[PDB]
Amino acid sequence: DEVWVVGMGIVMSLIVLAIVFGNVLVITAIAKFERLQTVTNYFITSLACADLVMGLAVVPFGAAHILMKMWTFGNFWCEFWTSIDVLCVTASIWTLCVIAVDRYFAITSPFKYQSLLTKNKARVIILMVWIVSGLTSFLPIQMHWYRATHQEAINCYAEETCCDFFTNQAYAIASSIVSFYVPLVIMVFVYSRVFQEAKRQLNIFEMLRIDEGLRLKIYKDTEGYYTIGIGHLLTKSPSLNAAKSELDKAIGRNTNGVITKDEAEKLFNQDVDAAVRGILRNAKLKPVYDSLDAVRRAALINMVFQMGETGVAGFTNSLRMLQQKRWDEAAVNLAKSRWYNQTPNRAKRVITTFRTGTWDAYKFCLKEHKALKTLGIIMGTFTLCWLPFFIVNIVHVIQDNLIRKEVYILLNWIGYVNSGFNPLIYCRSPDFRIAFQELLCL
């Protein structure tokens, strides 16, 4: 009825507007801020382009097809529109598969979080995805290879006002597997390894980068002591000059209370090295360290880094039970300390690491790991929005009379609405957040 059509009209207009605004913003943000011109964001540009082309050239014509209950745009635009629709989905899922693979080679390289690809190579990859997926999208449609031979389909082909996507089973099966299932299966398989590797490759340096933070200017501790870099304690003296001298001495140049990322990592290495040397020189800590596994050793190094060899050595009953592998018993004693009261968020992560012997407490804490999670969210949400439609479509092939037109259209629009979601997910990135407020003049 009238109220449903007008109400449907408003909702669809907002979907078209949300997709277009959101995706133009992404493209603009990457194009204007150099810090965002990265290989990963070049693939995100490929994905935002598909979503923009979806939002501008696909969804408005689909909306008009639903509202008008017919196709008023002619047979040529009908086949062309359908081809663009398929291209936008094929290109998107292959771009996500490329991201997964790129992230895999990155995490399994000594560079860890940087692409092994150059921007030129990445551009050529994107161009290859779009050309190939465009060839597999447009050719079977223009050539009419997709066409079904039943009368309901045949009548619809000859009718200029009918643009119902009737396809033969071989086309529906073949194009779905190659254009959607194969890249999806590879993406989910490869990206689960990326996540596995980020947890597996967690070390003491990332653990402390997480706990201590990074500051290139002098700041105050929890104890209010002058610090810089990754928890590098400068002096217990309440003089900023005393902190500045000690800094100038450490680095070996006129720092003026500021250091480089190169200098921050340099001090950090010495500190972590000293913590380990201090453990190996302590009679009370060395047997505890020898009995611990790789992960738990990092938790112990962390404590020595924060409190010092002597401080940790005082936890005589905890250390005894760490040695005796009585983790939950050690955890209780460690919780019943001044250390836990002073730094509860850090202590709980360290205590958890001692209990589990895993990195689950440091899961998605690093900014690079947070970027990986964001990319996983993009992939997970695309899959959730498109898979019900693709399953129902390949089930309509096996069992002809499954569910009706209204369910088929609904599930396609679930997929469509995904083109509007990605700009909101990039809001997770602080770099993207700043870019947006800058472009939106907020």
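Just count from 1 along the sequence shown to find any residue number. Throughout, rigid core stands for the largest set of C-alpha atoms superposing within 1.5 Å between the two forms.
Visitor: Name the stretch that deviates more in 5 other deposited structures of this protein: 246-254, or 210-218? Use RMS CA distance to the shown form, core superposed.
Guide: Farther on average in 5 other deposited structures of this protein: 246-254.
Visitor: On a core superposition, give the stretch, 396-404 or 46-54, with the larger average C-alpha separation from this form in 5 other deposited structures of this protein (RMS over structures and residues).
Guide: This comes out as 396-404, the stretch further from the shown form in 5 other deposited structures of this protein.
Visitor: If you average the CA temperature factors as listed in the entry, which stretch comes out higher, 247-255 or 170-178?
Guide: On average, C-alpha B-factors are higher across 247-255.
Visitor: Using only the Cα atoms and their B-factors as the entry lists them, report which of 327-335 and 206-214 averages higher.
Guide: If you average the C-alpha B-factors of 327-335 and of 206-214, the larger mean comes out for 327-335.
Visitor: Out of 93, 240, 125, 198, which shows the largest CA B-factor listed in the entry?
Guide: That would be 240, according to the entry.
Visitor: Could you check 58, 402, 379, 27 and tell me which one carries the biggest Cα B-factor in the deposited entry?
Guide: Comparing C-alpha B-factors across 58, 402, 379, 27, the top value belongs to 402.
Visitor: Comparing residue 22 with the other modelled residues of its chain, is its CA B-factor in the lowest, middle or highest third?
Guide: According to the entry, residue 22 has a C-alpha B-factor in the chain's lowest third.
Visitor: Test of reading the entry: by CA B factor among the chain's modelled residues, which third contains residue 63?
Guide: Middle third by C-alpha B-factor.
Visitor: Just say lowest, middle or highest third for the CA B-factor of residue 115 relative to the other modelled residues in its chain.
Guide: Lowest third - that is where residue 115 ends up once the chain's C-alpha B-factors are sorted.
Visitor: Among all modelled residues of this chain, ranked by Cα B factor, put residue 54 in the bottom, middle or top third, i.e. lowest, middle or highest.
Guide: According to the entry, residue 54 has a C-alpha B-factor in the chain's middle third.
Visitor: If you rank the chain by CA B-factor, which third does residue 70 end up in: lowest, middle or highest?
Guide: CA B-factor rank for residue 70: highest third.
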